[PDB]
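First structure 1, then structure 2: two forms of the same chain, each alone, as structure tokens.
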Structure 1
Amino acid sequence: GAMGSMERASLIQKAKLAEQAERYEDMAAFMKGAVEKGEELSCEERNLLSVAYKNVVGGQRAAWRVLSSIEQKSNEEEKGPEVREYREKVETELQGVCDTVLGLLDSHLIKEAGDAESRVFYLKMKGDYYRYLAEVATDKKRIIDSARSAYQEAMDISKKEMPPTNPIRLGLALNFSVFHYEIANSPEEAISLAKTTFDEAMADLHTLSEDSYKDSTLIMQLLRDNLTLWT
């Protein structure tokens, strides 16, 4: 790989610089290089990995949605193949990034993660990137099943090993509920998961750390925001 000649510590340092400069493609490349050094990632390093790729795919998803919207309208004046072609171009790029992330998770990170915090983190990521693949799929069924199984394994571990207000547990439940509502045609499951997650976190807030209070209350607010939209 192009990062093979750079020190692991230098890759981490440059990932943090790329984050400050909002250079997320660079940031992802540095963190991919770090993962490929073969050592486990720390808590801080996992966050760098997830933020980098979340921002890269987030821009691709937003662009794909704009183009798909134009395409669907155009099939409601004929203007030729260009809209479809360019949507397909963005879609292929998006799929390539998802495949890259899923490859890192499957080749390096999930196998070696034993602590609940790392294992749930990586399984959530796996569910997230299969979900992004599902959004553009038309073996959609197989991709949806892959996302569900990854989220479900993460859920089983998080409920057994983490308190209800743990930010990773909360963010996993948020995204799994969105999967149910938006992807899997299961709005009732989505609502039930979001409500039980929120309610159980409320009663646990008297154990929540000052250092994670900001993250967890934010995610709790996103759960409430979705419940208000869905009900």
Structure 2
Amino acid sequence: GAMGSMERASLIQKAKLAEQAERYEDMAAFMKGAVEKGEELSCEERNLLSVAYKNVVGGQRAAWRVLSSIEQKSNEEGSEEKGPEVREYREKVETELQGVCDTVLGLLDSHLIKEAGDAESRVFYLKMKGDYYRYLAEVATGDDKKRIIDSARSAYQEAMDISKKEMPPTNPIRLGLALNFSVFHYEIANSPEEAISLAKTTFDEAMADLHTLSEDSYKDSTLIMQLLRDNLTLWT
């Protein structure tokens, strides 16, 4: 580890700096270093880890989509042959994306999930596990596609089970997990009815609990509820 010689606290400080500078690759490397110190992560630290990698893989996903669309057009009738370059470059980006996903999944497996006992942390990490298997599924075309999809499903399902037992229906983590698992159903698992049912039930159960919340907690929960509504509007 290139970050092995840097203090944990210094890695966290520099991750925050990197965020301010929009240097997300650096942020991710700093937070990977911090995880590899072996201590559990605080709430704030968990969010720095997730922000960093979300931004890195998000850019990779956007690039992969551009290249995939070009490649698809090249394989239409009437399209002039341009050689192997589009496929090669799409494959390069894809391999880099898969590497980032594997890195995140490796951190979760060694050893973030196994040491996470509180519902808030365990659900957070299992949501991440679902998310990064979902990103792998987006690009999967082979013998392992079914198994990748099932790995995403399994992680999301364990997170859902804990969240329903241990967290209120307005909890932001719970809401964001449901949002993403609903997208998994719609976009990955070919289950739009399940996606819609999940989004609606989640929204409605949150609405019924808003009365318990402070002004600040209300703002947090309603923001995510709006994303559920936005998806429902897209899908219906």
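Here the rigid core means the biggest group of C-alpha atoms that line up within 1.5 Å when the two forms are laid on top of each other. Here, residue number means position along structure 1's sequence, counting from 1.
Peer 1: Among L222, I12, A18, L208, whose C-alpha is off by 2 Å or more between structure 1 and structure 2 on a rigid-core fit?
Peer 2: Residue with a C-alpha shift of 2 Å or more: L208.
Peer 1: Keeping the rigid core fixed, what distance in angstrom separates the two C-alpha positions of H108 between structure 1 and structure 2?
Peer 2: The alpha-carbon displacement, core-superposed, is 1.4 Å.
Peer 1: Core-aligned, what does the C-alpha of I144 shift between structure 1 and structure 2, expressed in angstrom?
Peer 2: That residue's C-alpha is offset by 0.1 Å.
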